[PDB]
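Position 57 of the sequence shown, counting from 1, maps to 66 under PDB author numbering, and the rest follow consecutively. Positions of the beta carbon are idealized from the N, C-alpha and C atoms, including for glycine. Each remark here refers to the structure printed beneath this line.
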Amino acid sequence: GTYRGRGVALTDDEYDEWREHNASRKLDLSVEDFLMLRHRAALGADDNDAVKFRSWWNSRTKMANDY
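The structure is reproduced here in structure tokens:
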């Protein structure tokens with residue numbers, strides 16, 4: 010996967026789609042946080058924020074797991 014904190018630009022879609030994540034989940038989250046949520050979901054970590062991200066994002070998009 011990508012990274013976090015290191016000026017992460019993330020894969021092309023998901024970063025832009027994070028701006029949508031901000032909208033849809035009615036939060037005001039930074040990309041790093043997003044990248045984590047998707048990271049865990051995509052890769053194989055099940056931290057609840059990431060799983061609730063998964064649930065929401067995978068009913069609609071189902072991302073582009075660092076593709």
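Report yes if the CB atom of residue i is closer than 7 Å to the CB atom of residue j, and no otherwise.
| i | j | result |
| --- | --- | --- |
| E23 | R47 | yes |
| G14 | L52 | no |
| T20 | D56 | no |
| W66 | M72 | yes |
What residue range does the alpha helix (DSSP H) around residue i cover?
| i | result |
| --- | --- |
| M45 | 40-52 |
| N67 | 57-69 |
| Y76 | Segment: none, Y76 is in no alpha helix (DSSP H) and carries neither H nor E. |
Compute the beta-carbon to beta-carbon distance between residue i and residue j, rounded to the nearest angstrom, for a pair I have assumed lies under 8 Å.
| i | j | result |
| --- | --- | --- |
| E41 | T70 | Not really, about 19 Å apart at Cβ, beyond 8 Å. |
Ordered along the chain, which non-local residues of its own chain (more than five positions away) have a Cβ less than 7 Å from that of residue i?
| i | result |
| --- | --- |
| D58 | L46 |
| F62 | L46, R47, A50 |
| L36 | none |
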